[PDB]
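Novice: Dropping a structure here in structure tokens format, bear with me for questions.
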Amino acid sequence: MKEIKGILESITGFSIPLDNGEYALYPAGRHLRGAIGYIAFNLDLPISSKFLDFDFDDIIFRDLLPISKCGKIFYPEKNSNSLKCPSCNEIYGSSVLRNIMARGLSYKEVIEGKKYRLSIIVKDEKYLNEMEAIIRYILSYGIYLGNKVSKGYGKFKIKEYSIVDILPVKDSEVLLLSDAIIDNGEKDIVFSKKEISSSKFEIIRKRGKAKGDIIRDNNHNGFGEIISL
RNA sequence: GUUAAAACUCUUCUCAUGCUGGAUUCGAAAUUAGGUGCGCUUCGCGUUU
Ligand SMILES: [Zn+2]
């Protein structure tokens with residue numbers, strides 16, 4: 001097991017809508033998965049076939065959680081929309097969003113300059129050979145996460161491709177960094193599969209668990225995530 | 001293989017109006033149209049009582 005670390009920053013702003021006209025503050029790992037699968041199909045890579053597999057259970061993408069001037073990731077504030085890093089507060093929040101009115105199109109973005117965590121957890125080392133190639137393409141051109149990729153919104157640039165290994169969590173009690181798939185969890189989560197080869201945009205809805213919640217689970221390996229805490 | 005994809009903050013509107021490169025100072029200070037050359041040459045106040 002290993003992971004590729006990164007201080008992924010935004011060249012142009014990203015627009016990710018949620019339900020209830022909510023715009024997400026930071027970019028999520030689902031968006032990274034959806035973009036990297038387009039990369040692997042576009043470069044005729046084999047893992048693209050696994051990219052259209054939503055339960056491959058290797059190459060799991062952790063959320064692009066924002067990084068602070070404290071050098072640490074903003075830990076998500078428990079049961080709250082905004083985030084707060086363990087060192088100081090520096091609290092992210094909505095102020096970073098801007099209401100956009102552009103040619104009829106009224107939407108929102110999140111501004112550029114803030115840095116976000118790259119963390120691609122990979123299990124199979126055979127997949128790491130293609131993983132080095134896809135992080136090496138982004139290294140040259142960039143990745144686009146958001147809406148209006150063809151208009152140019154969402155351009156991301158890595159500044160630190162680091163393939164440093166890691167180990168899973170220890171405590172059973174873990175904090176939910178990202179929203180987790182837990183049935184009858186009363187926190188509705190929506191994403192989609194596009195399947196551009198065969199069309200049929202999906203808009204898959206679910207009722208998983210929300211982020212910022214301490215939960216005890218001995219059967220935990222750590223799209224939810226496990227914070228060691 | 002991103003609750004996607006698709007949609008150019010676009011159109012209209014002259015940095016314009018008002019203000020003179022003007023005021024002061026003389027082309028005049030120095031220099032004699034001067035120097036050379038003879039109105040000369042020729043002809044008796046005759047004749048007549
Ligand atoms: Zn901080």
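To be explicit about the labels: the chains of the structure tokens are called A, B, and onward in the order shown, and within each one the residues are counted from 1, while ligands get numbers from 1 in the order they are shown.
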Kindly compile the residues surrounding ligand 1 within 7 Å, counting only C-alpha atoms (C1' of nucleotides) and all ligand atoms, and format them as a PyMOL selection string.
Specialist: chain A and resi 68-70+84-90
Novice: Kindly determine which residues of chain B lie within 9 Å of chain A, considering only C-alpha atoms (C1' of nucleotides), and give the answer as a PDB file with C-alpha atoms (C1' of nucleotides), in the first residue's frame.
Specialist:
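Generated file (selection.pdb):
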```pdb
ATOM      1  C1'   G B   1     -15.398   6.979 -15.713  1.00  0.00           C
ATOM      2  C1'   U B   2     -17.085  14.815 -12.270  1.00  0.00           C
ATOM      3  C1'   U B   3     -26.100  15.897  -9.848  1.00  0.00           C
ATOM      4  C1'   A B   4     -22.724  15.700 -16.146  1.00  0.00           C
ATOM      5  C1'   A B   5     -23.113  17.985 -21.081  1.00  0.00           C
ATOM      6  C1'   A B   7     -24.965  28.707 -22.692  1.00  0.00           C
ATOM      7  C1'   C B   8     -18.630  34.492 -24.750  1.00  0.00           C
ATOM      8  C1'   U B   9     -21.334  39.744 -18.283  1.00  0.00           C
ATOM      9  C1'   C B  10     -23.152  40.681 -23.940  1.00  0.00           C
TER      10        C B  10
END
```
Novice: So how far away is atom CA of residue 79 of chain A from atom CA of residue 3 of chain A, in Å?
Specialist: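 Result for atom CA of residue 3 of chain A versus atom CA of residue 79 of chain A: 27.5 Å, one decimal.
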Novice: One decimal, Å: what's the distance from atom CA of residue 174 of chain A over to atom CA of residue 57 of chain A, could you say?
Specialist: 19.9 Å
Novice: Looking only at strand (DSSP E or B) from DSSP on the backbone, list the matching residues of segment 29-178 of chain A as number ranges by chain.
Specialist: A: 60-61, 66-67, 73, 76, 83, 97-102, 105-110, 115-116, 118-122, 143-144, 155-157, 162, 173-176
Novice: Mind writing the picked residues with N, CA and C atoms as a compact mmCIF listing (two decimals), in the first residue's frame?
Specialist:
```
# COMPACT_ATOMS: atom_id res chain seq x y z
N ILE A 60 -8.34 4.08 -4.57
CA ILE A 60 -9.41 4.85 -3.94
C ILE A 60 -8.92 6.27 -3.72
N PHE A 61 -9.77 7.24 -4.06
CA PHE A 61 -9.39 8.64 -4.12
C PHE A 61 -9.91 9.36 -2.89
N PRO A 66 -8.93 21.03 1.61
CA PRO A 66 -8.04 22.19 1.48
C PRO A 66 -6.92 22.24 2.52
N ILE A 67 -5.78 22.78 2.08
CA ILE A 67 -4.59 22.91 2.91
C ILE A 67 -4.49 24.35 3.38
N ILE A 73 -3.94 19.99 6.59
CA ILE A 73 -5.25 19.90 5.97
C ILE A 73 -6.31 20.47 6.91
N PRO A 76 -12.51 18.57 8.64
CA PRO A 76 -13.91 19.02 8.62
C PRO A 76 -14.46 19.16 10.03
N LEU A 83 -15.10 24.05 7.46
CA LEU A 83 -13.97 23.25 7.89
C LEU A 83 -13.04 24.09 8.77
N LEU A 97 -16.77 31.39 -1.74
CA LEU A 97 -17.65 31.29 -2.90
C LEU A 97 -18.03 32.68 -3.40
N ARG A 98 -18.22 32.78 -4.71
CA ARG A 98 -18.71 34.01 -5.34
C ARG A 98 -19.87 33.70 -6.26
N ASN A 99 -20.96 34.46 -6.08
CA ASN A 99 -22.12 34.42 -6.96
C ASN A 99 -21.74 34.96 -8.33
N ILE A 100 -22.00 34.18 -9.37
CA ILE A 100 -21.55 34.56 -10.75
C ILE A 100 -22.76 34.85 -11.63
N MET A 101 -22.86 35.85 -12.35
CA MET A 101 -23.96 36.09 -13.31
C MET A 101 -23.24 36.32 -14.63
N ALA A 102 -23.27 35.46 -15.53
CA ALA A 102 -22.48 35.52 -16.77
C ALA A 102 -23.33 35.14 -17.98
N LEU A 105 -26.35 32.95 -17.59
CA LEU A 105 -25.95 31.85 -16.68
C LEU A 105 -25.64 32.39 -15.28
N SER A 106 -26.68 32.14 -14.26
CA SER A 106 -26.23 32.55 -12.91
C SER A 106 -25.78 31.30 -12.17
N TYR A 107 -24.54 31.29 -11.68
CA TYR A 107 -24.04 30.13 -10.90
C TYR A 107 -23.13 30.66 -9.81
N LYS A 108 -22.31 29.78 -9.24
CA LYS A 108 -21.36 30.17 -8.21
C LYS A 108 -20.02 29.50 -8.49
N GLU A 109 -18.92 30.08 -7.98
CA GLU A 109 -17.70 29.28 -7.89
C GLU A 109 -17.07 29.44 -6.52
N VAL A 110 -15.90 28.81 -6.38
CA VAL A 110 -14.95 29.00 -5.30
C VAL A 110 -13.66 29.53 -5.90
N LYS A 115 -4.94 26.00 -1.98
CA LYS A 115 -4.31 24.72 -2.26
C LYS A 115 -5.14 23.60 -1.63
N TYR A 116 -5.15 22.45 -2.29
CA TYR A 116 -5.97 21.32 -1.85
C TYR A 116 -5.13 20.06 -1.88
N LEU A 118 -3.90 16.47 -2.65
CA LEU A 118 -3.94 15.27 -3.47
C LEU A 118 -3.62 14.09 -2.57
N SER A 119 -4.51 13.10 -2.55
CA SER A 119 -4.22 11.86 -1.82
C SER A 119 -4.96 10.73 -2.54
N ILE A 120 -4.09 10.04 -3.43
CA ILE A 120 -4.64 8.87 -4.19
C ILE A 120 -4.16 7.56 -3.55
N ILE A 121 -5.09 6.94 -2.69
CA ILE A 121 -4.66 5.71 -2.04
C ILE A 121 -4.75 4.56 -3.03
N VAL A 122 -3.64 3.86 -3.24
CA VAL A 122 -3.59 2.76 -4.20
C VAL A 122 -3.12 1.50 -3.48
N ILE A 143 -5.43 19.16 -14.45
CA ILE A 143 -6.70 18.39 -14.37
C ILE A 143 -7.85 19.40 -14.25
N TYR A 144 -9.00 19.08 -14.83
CA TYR A 144 -10.16 19.95 -14.70
C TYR A 144 -11.24 19.25 -13.87
N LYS A 155 -9.52 24.32 -13.67
CA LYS A 155 -8.14 23.93 -13.97
C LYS A 155 -7.31 23.81 -12.70
N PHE A 156 -6.79 22.61 -12.45
CA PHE A 156 -5.99 22.30 -11.28
C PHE A 156 -4.56 21.95 -11.69
N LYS A 157 -3.60 22.37 -10.87
CA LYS A 157 -2.18 22.15 -11.14
C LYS A 157 -1.54 21.59 -9.88
N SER A 162 4.41 13.60 -4.98
CA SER A 162 5.23 12.82 -4.02
C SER A 162 4.59 11.44 -3.81
N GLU A 173 -12.59 3.98 16.79
CA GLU A 173 -13.26 5.27 16.74
C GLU A 173 -12.52 6.20 15.78
N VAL A 174 -13.17 6.55 14.67
CA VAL A 174 -12.57 7.37 13.63
C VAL A 174 -13.53 8.50 13.29
N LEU A 175 -12.96 9.64 12.88
CA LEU A 175 -13.75 10.78 12.45
C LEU A 175 -13.98 10.71 10.95
N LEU A 176 -15.21 10.99 10.53
CA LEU A 176 -15.59 10.87 9.12
C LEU A 176 -15.15 12.14 8.40
```
Novice: When DSSP works through the backbone of this structure, what residues of segment 10-131 of chain A end up as alpha helix (DSSP H), shown as a ChimeraX atom specification?
Specialist: /A:29-42,47-51,125-131
Novice: Keeping only N, CA and C atoms, write the selected residues as a PDB file, in the first residue's frame.
Specialist:
```pdb
ATOM      1  N   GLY A  29     -13.456  13.940  -3.954  1.00  0.00           N
ATOM      2  CA  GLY A  29     -12.730  12.856  -4.605  1.00  0.00           C
ATOM      3  C   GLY A  29     -13.495  12.194  -5.739  1.00  0.00           C
ATOM      4  N   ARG A  30     -14.830  12.179  -5.644  1.00  0.00           N
ATOM      5  CA  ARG A  30     -15.721  11.776  -6.733  1.00  0.00           C
ATOM      6  C   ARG A  30     -15.460  12.537  -8.037  1.00  0.00           C
ATOM      7  N   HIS A  31     -15.226  13.848  -7.929  1.00  0.00           N
ATOM      8  CA  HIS A  31     -14.928  14.680  -9.089  1.00  0.00           C
ATOM      9  C   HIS A  31     -13.568  14.326  -9.681  1.00  0.00           C
ATOM     10  N   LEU A  32     -12.594  14.035  -8.811  1.00  0.00           N
ATOM     11  CA  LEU A  32     -11.283  13.573  -9.261  1.00  0.00           C
ATOM     12  C   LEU A  32     -11.378  12.229  -9.971  1.00  0.00           C
ATOM     13  N   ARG A  33     -12.205  11.316  -9.452  1.00  0.00           N
ATOM     14  CA  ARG A  33     -12.410  10.020 -10.094  1.00  0.00           C
ATOM     15  C   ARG A  33     -13.042  10.183 -11.469  1.00  0.00           C
ATOM     16  N   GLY A  34     -14.061  11.046 -11.555  1.00  0.00           N
ATOM     17  CA  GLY A  34     -14.716  11.312 -12.824  1.00  0.00           C
ATOM     18  C   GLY A  34     -13.813  11.964 -13.852  1.00  0.00           C
ATOM     19  N   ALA A  35     -12.872  12.792 -13.402  1.00  0.00           N
ATOM     20  CA  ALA A  35     -11.945  13.410 -14.342  1.00  0.00           C
ATOM     21  C   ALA A  35     -10.845  12.446 -14.784  1.00  0.00           C
ATOM     22  N   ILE A  36     -10.250  11.707 -13.838  1.00  0.00           N
ATOM     23  CA  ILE A  36      -9.159  10.779 -14.146  1.00  0.00           C
ATOM     24  C   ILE A  36      -9.635   9.611 -15.012  1.00  0.00           C
ATOM     25  N   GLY A  37     -10.903   9.209 -14.888  1.00  0.00           N
ATOM     26  CA  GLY A  37     -11.431   8.218 -15.817  1.00  0.00           C
ATOM     27  C   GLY A  37     -11.537   8.721 -17.249  1.00  0.00           C
ATOM     28  N   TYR A  38     -11.929   9.994 -17.429  1.00  0.00           N
ATOM     29  CA  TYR A  38     -11.849  10.631 -18.745  1.00  0.00           C
ATOM     30  C   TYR A  38     -10.417  10.685 -19.259  1.00  0.00           C
ATOM     31  N   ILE A  39      -9.454  10.919 -18.362  1.00  0.00           N
ATOM     32  CA  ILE A  39      -8.042  10.908 -18.755  1.00  0.00           C
ATOM     33  C   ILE A  39      -7.625   9.530 -19.254  1.00  0.00           C
ATOM     34  N   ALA A  40      -8.000   8.485 -18.518  1.00  0.00           N
ATOM     35  CA  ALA A  40      -7.541   7.142 -18.857  1.00  0.00           C
ATOM     36  C   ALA A  40      -8.233   6.606 -20.108  1.00  0.00           C
ATOM     37  N   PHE A  41      -9.515   6.940 -20.309  1.00  0.00           N
ATOM     38  CA  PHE A  41     -10.178   6.613 -21.573  1.00  0.00           C
ATOM     39  C   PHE A  41      -9.557   7.407 -22.715  1.00  0.00           C
ATOM     40  N   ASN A  42      -9.238   8.678 -22.464  1.00  0.00           N
ATOM     41  CA  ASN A  42      -8.708   9.539 -23.515  1.00  0.00           C
ATOM     42  C   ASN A  42      -7.290   9.147 -23.916  1.00  0.00           C
ATOM     43  N   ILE A  47      -6.965   0.849 -17.142  1.00  0.00           N
ATOM     44  CA  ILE A  47      -7.622   1.143 -15.870  1.00  0.00           C
ATOM     45  C   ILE A  47      -8.871   2.011 -16.043  1.00  0.00           C
ATOM     46  N   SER A  48      -9.044   2.625 -17.224  1.00  0.00           N
ATOM     47  CA  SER A  48     -10.298   3.282 -17.595  1.00  0.00           C
ATOM     48  C   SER A  48     -11.484   2.332 -17.506  1.00  0.00           C
ATOM     49  N   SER A  49     -11.283   1.066 -17.900  1.00  0.00           N
ATOM     50  CA  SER A  49     -12.321   0.055 -17.728  1.00  0.00           C
ATOM     51  C   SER A  49     -12.610  -0.189 -16.252  1.00  0.00           C
ATOM     52  N   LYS A  50     -11.581  -0.117 -15.405  1.00  0.00           N
ATOM     53  CA  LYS A  50     -11.821  -0.147 -13.969  1.00  0.00           C
ATOM     54  C   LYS A  50     -12.358   1.185 -13.463  1.00  0.00           C
ATOM     55  N   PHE A  51     -12.100   2.259 -14.213  1.00  0.00           N
ATOM     56  CA  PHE A  51     -12.566   3.604 -13.781  1.00  0.00           C
ATOM     57  C   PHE A  51     -14.088   3.637 -13.875  1.00  0.00           C
ATOM     58  N   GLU A 125       0.018  -2.692  -6.617  1.00  0.00           N
ATOM     59  CA  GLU A 125       1.192  -2.033  -7.182  1.00  0.00           C
ATOM     60  C   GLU A 125       1.250  -2.105  -8.707  1.00  0.00           C
ATOM     61  N   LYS A 126       0.554  -3.061  -9.331  1.00  0.00           N
ATOM     62  CA  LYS A 126       0.439  -3.061 -10.789  1.00  0.00           C
ATOM     63  C   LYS A 126      -0.325  -1.836 -11.280  1.00  0.00           C
ATOM     64  N   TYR A 127      -1.344  -1.416 -10.525  1.00  0.00           N
ATOM     65  CA  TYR A 127      -2.074  -0.191 -10.834  1.00  0.00           C
ATOM     66  C   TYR A 127      -1.212   1.052 -10.639  1.00  0.00           C
ATOM     67  N   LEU A 128      -0.185   0.968  -9.783  1.00  0.00           N
ATOM     68  CA  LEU A 128       0.691   2.112  -9.541  1.00  0.00           C
ATOM     69  C   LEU A 128       1.505   2.493 -10.777  1.00  0.00           C
ATOM     70  N   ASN A 129       1.760   1.534 -11.675  1.00  0.00           N
ATOM     71  CA  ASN A 129       2.455   1.819 -12.930  1.00  0.00           C
ATOM     72  C   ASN A 129       1.651   2.764 -13.821  1.00  0.00           C
ATOM     73  N   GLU A 130       0.333   2.565 -13.883  1.00  0.00           N
ATOM     74  CA  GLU A 130      -0.537   3.501 -14.591  1.00  0.00           C
ATOM     75  C   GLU A 130      -0.798   4.759 -13.768  1.00  0.00           C
ATOM     76  N   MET A 131      -0.800   4.624 -12.438  1.00  0.00           N
ATOM     77  CA  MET A 131      -0.972   5.771 -11.546  1.00  0.00           C
ATOM     78  C   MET A 131       0.143   6.798 -11.722  1.00  0.00           C
TER      79      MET A 131
END
```
Novice: For atom CA of residue 134 of chain A and atom CA of residue 2 of chain A, quote the distance in Å rounded to one decimal.
Specialist: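 Atom-to-atom, atom CA of residue 134 of chain A to atom CA of residue 2 of chain A, that is 15.6 Å.
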